[PDB]
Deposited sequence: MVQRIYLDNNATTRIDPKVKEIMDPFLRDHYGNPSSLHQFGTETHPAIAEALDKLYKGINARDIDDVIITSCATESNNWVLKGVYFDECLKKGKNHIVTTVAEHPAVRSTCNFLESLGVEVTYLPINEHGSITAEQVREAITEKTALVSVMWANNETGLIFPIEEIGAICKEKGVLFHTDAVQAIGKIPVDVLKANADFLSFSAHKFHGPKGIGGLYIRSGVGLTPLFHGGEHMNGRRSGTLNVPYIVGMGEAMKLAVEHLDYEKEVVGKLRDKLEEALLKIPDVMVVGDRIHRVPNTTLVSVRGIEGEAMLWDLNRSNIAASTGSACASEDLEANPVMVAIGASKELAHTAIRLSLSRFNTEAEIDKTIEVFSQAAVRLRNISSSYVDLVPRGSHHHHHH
């Protein structure tokens, strides 16, 4: 059989060099990096190389932290529940601004925060699909503790004007968090450009394992731990390190940035190939702006066919993709022109076969 994987915004295959690099930490280098003896200290260089990889990947400096967490869901909960205690309670700033596009980790967390009496402005998205920047200017009051906007959208692939929000954020002395989960490996990421205080990411969107991620915290910026016990990660996040995943996610980030050109000019080309080949059907609208998207995503709709129906069918022919109803097709560097040609065929055939019904 030959299955075709087009659901990379949901998760990604672990790159072989990633699996390879973590292996020794699953086999004989199983010591606790906190231990003082050989088993512990032996793990130190490999963890250090991994972290360097992380910092170079997001252009973070020595004075900043990139804290290892168990996923972006953790990072997101941590940023919001931390500003809550640090700013909303202790400092009166009882308002957070965010978008309606944000991943449920941020939105649900907020929903809980307003449960406790925080006022949260959920920015609505325009006809362009995206968020303006001026929208956050206009919403930042002076109770405003944090603004959270995701770098790229998981559903549409749309890039948001981070930097702009970065600047409108610096100028107004407000805390700025970007959930950058769908941007690693997909476009260049730079916390310095973005004047981010906080950035989230998750490894399994750039070919490392599920079960690990990162929060960039800028120097001097405080954030009350979500995992108290303050032993690991400079006391910022307690719990025995996930050695294998740390090493692996490091390699993952490195390869992710080293493929940024390829993502740009190959996967993007394959995406365009698929997309415009798909636009030659009936009422095959693409959903949203088509210029400010990550290279790998396309979100198409179809005449009278539910997205859910088209996907179930595509599965039968061993093609994997998600909703977004419309149909989200998200590539990676592992896809091939052969596959998308195949996809074009299987897509169109499914399309007109599902519509036959009067």
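Where C-alpha coordinates are absent, the deposited sequence of this PDB chain has the segments 1, 326 to 350, 385 to 401.
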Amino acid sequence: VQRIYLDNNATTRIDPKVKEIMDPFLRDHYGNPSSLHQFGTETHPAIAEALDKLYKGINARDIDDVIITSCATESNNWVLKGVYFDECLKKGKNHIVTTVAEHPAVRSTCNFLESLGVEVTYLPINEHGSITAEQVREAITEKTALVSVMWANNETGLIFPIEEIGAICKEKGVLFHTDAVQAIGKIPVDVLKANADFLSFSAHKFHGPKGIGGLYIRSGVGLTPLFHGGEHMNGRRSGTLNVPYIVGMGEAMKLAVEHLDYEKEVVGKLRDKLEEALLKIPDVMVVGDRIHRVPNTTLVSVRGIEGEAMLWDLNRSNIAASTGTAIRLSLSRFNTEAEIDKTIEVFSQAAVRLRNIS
From here on, numbers count along this sequence of modelled residues.
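Definition used throughout: the rigid core is the maximal C-alpha set that superposes within 1.5 Å between two forms.
After superposition on the rigid core, the larger root-mean-square Cα deviation in 8 other deposited structures of this protein belongs to 301 to 309, not to the other of 301 to 309 and 39 to 47.
The stretch with the higher mean CA B factor, choosing between 22 to 30 and 325 to 333, is 325 to 333. Taking the PDB entry as given, 117 to 125 carries the higher mean Cα B factor of the two stretches 117 to 125 and 209 to 217. The maximum CA B-factor among the listed residues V106, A277, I187, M150, taken from the PDB record, is found at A277. Per the deposited record, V174 carries the highest C-alpha B-factor of all listed residues (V174, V243, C110, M233). When the modelled residues of the chain are ordered by C-alpha B-factor, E308 sits in the highest third. The deposited CA B-factor of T43 belongs to the lowest third of values across its chain.
In this PDB entry, the Cα temperature factor of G239 sits in the bottom third of its chain's modelled residues, the lowest group. Among the modelled residues of its chain, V257 has a C-alpha B-factor that falls in the middle third according to the deposited record. The deposited CA B-factor of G248 belongs to the lowest third of values across its chain.
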